[PDB]
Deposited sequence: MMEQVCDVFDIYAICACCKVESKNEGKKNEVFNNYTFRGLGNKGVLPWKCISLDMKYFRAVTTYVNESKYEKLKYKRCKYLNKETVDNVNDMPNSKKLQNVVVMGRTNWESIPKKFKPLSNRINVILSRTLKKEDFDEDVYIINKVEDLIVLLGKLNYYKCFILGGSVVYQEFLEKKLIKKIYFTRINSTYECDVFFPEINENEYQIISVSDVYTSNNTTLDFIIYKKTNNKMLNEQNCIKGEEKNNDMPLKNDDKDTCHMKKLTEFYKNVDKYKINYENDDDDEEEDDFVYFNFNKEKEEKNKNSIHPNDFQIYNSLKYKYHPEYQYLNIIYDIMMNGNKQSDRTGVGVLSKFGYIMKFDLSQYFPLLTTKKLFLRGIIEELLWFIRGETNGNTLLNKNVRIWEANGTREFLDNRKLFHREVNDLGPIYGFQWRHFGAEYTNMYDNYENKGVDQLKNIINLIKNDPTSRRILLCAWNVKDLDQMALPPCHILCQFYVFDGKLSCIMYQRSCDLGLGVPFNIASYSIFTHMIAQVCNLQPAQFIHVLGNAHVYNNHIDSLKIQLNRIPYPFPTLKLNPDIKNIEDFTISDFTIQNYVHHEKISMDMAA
């Protein structure tokens, strides 16, 4: 087909347009405004644009030339193709585009109307003629909307390098609705921040609808048991989309790939109640908090409850009623008469959760009495101490906050799942490890990622640091049997660019945050999944 021989790709960038919100991939569709771009600079998009439209590989040229010659019977650079208004949006000092063979479609304008060193063509068949005559690597359609429309309805695009700008702007022109039958996404990049917006890079593909060391690889894999056994009784063919992607570089896939790993390779166990899980042991996930807030996109997540849990912890509280009166039910089941009695806490009042996270963070080692006691200057204020070590001894390898008080375990409603946070400071940035002994991949983890990411931002702010990495170590990583079906749905979804977290900048002590100091901007997500 014409676009496979001449290697004609589209590259574009689309913001969200000003229209319980439904999100699909038509969410990213805004192209330009009043004949320019809807944003000022997004330098990372330019850097990427520059990299795709200028990259050439001379070794691959020999096969492209042959291929092209065969379909015709018979310093290397790429061609870029522009609508006239696209071309007129470009600052003069940057035209023609350096190190690229510039082509401009126009009727109003002819060869004579240009000083530059550009090919002017009347019409699309004129690009195909030209490409049969030029030595060039790849041909990229640079827009705008009219050029994009005509190139897709002529089935002349092999791939779309589509940048998702995860902010909203005023737009007067739009990228056409991509037909899912015609194009599927095969690759999704890492998520970055540039110019106060997150973005990622996705690739749509035209649909179906020394090399002795090649061999040493196979010799060296001689003992591998699983040769399509169905190790666990989940069917790869149900993860069609998940498996069809080639480059899964969105950080959400750090979480998604562990659910794949647990499902394909998990050990079958009957846990605390008889419920049943697949389980694995030891994983690490790293999220770049300077580039995004890793709220999972492949299902809807509300953070009001877990933000109010984090503030409850920081205040040192163990009173389950405080959450209940803010309509947060996170701890309700763990405070019942029955639940407490079955934990042999017969002398513990309903919703008095005992010496849990808050108590240990502000008072580790004090004798716990009841949820209403004044524990001032009793036991160790770990939280205060770790803020003090970040500020005054940032290179310490001893900045840990530990919830696992061995003496108090049996007196807690339940022993903590988030065992400990360690902190690390280099060059004015704060990174955090949280070690989780016990990890519900379907229900718990996605919230836990959020709690500790928010907490790291908070500790960074009050210490006058920027956040860097939030690092999540999973000990006992389990998927409950009755989550599996929901999880196979979620895995076949393709993540959206992460949102961002904004903390009220004025809060300077860790104690001084409230619910209104927390804003999640630009949360684009698939619909909610009931995991059960």
property	result
Regions of the deposited sequence not represented in the model	1 to 3, 23 to 28, 84 to 96, 232 to 282, 606 to 608
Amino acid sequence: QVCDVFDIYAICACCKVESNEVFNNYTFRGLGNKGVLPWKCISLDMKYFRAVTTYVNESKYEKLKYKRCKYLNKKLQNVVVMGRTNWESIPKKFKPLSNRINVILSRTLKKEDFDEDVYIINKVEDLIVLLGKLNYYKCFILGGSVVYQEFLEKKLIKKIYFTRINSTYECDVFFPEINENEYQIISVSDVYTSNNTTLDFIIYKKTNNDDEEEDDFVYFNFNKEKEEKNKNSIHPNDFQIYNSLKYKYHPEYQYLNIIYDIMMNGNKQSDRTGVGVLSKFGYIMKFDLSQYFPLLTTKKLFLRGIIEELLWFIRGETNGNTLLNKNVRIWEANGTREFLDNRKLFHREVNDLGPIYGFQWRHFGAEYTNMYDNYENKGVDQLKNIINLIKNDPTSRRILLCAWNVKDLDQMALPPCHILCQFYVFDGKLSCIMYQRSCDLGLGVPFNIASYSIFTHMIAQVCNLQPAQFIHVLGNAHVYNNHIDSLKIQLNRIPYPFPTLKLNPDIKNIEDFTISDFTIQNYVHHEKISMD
From here on, numbers count along this sequence of modelled residues.
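For the two forms, the rigid core is made up of the largest set of C-alpha atoms that agree within 1.5 Å on superposition.
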{"query": "Core-aligned Cα RMS comparison in 8 other deposited structures of this protein - stretch that moves more, 369 to 377 or 411 to 419", "finding": "369 to 377"}
{"query": "Greatest C-alpha divergence in 8 other deposited structures of this protein once each structure is fitted on the rigid core, 189 to 197 or 215 to 223", "finding": "215 to 223"}
{"query": "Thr519 not built in a third or more of the other entries", "finding": "no"}
{"query": "Check: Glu338 without coordinates in a third or more of other entries", "finding": "no"}
{"query": "Mean temperature factor over C-alpha atoms, higher-scoring stretch between 90 to 98 and 434 to 442", "finding": "90 to 98"}
{"query": "Selected stretch [higher average CA B-factor]: 508 to 516 or 7 to 15", "finding": "508 to 516"}
{"query": "Highest recorded Cα temperature factor - choice among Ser43, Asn482, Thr54, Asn492", "finding": "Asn482"}
{"query": "Highest-ranked of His250, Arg362, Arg304, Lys231 once sorted by CA temperature factor in the record", "finding": "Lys231"}
{"query": "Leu487 - which third its CA temperature factor falls in, relative to the rest of the chain", "finding": "middle"}
{"query": "Where the record places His526 (Cα B-factor, split into thirds across the chain)", "finding": "middle"}
{"query": "CA B-factor ranking of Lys60, expressed as a third of its chain", "finding": "highest"}
{"query": "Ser396, C-alpha B-factor rank within chain (lowest, middle or highest third)", "finding": "lowest"}
{"query": "Chain-relative CA temperature factor third for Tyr452", "finding": "middle"}
